[PDB]
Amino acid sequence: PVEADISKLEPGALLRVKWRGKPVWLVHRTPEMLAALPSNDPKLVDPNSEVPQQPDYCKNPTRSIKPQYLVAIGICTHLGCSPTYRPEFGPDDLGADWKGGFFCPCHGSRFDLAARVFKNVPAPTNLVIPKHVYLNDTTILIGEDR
């Protein structure tokens, strides 16, 4: 397992740590980012995380233990590129209704800020969330849980 120190992870920032040769992202979500997540539901493939792409303690609307932080494996579920992080709302290239999320540059799959995949892109499932647990408020252990 690897320890992720989020003590300096500012609002909207993304921290990358390596685990089992894979990139693990930790995103500090703002209330604004969180407020828009439910609105994505109708446009998502698996808004309720029914596909087991995460431990049960992350099978929820924000796919996380705490709303303030998203923890997920930064690998596209289509073929494995690493998606770009696009937290800004409504950029011209992604559409005015874009509420922040991730965009895979290899074949266009899109995921929201709970790493849930949108309908009709090559990726068929929400990004994988690894087992993890908070050791304390500013330290998340990735790879193992209680």
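Don't overthink the numbering: it's just position in the shown sequence, from 1.
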Regarding 88-96 and 46-54, which shows the higher C-alpha temperature factor on average in the entry?
88-96
Averaging only over Cα atoms, indicate whether 111-119 or 73-81 has the higher B-factor in the PDB entry.
73-81
Please place residue 141 in the lowest, middle or highest third of its chain according to the CA B-factor in the PDB entry.
middle
Lowest, middle or highest third - CA B-factor, residue 2:
highest
What third of its chain, lowest, middle or highest, does the C-alpha temperature factor of residue 14 fall into?
lowest
Splitting the chain's C-alpha B-factors into thirds, which one does residue 60 fall into?
middle
Taking the chain's C-alpha temperature factors as the reference, tell me which third residue 135 falls into: lowest, middle or highest.
highest
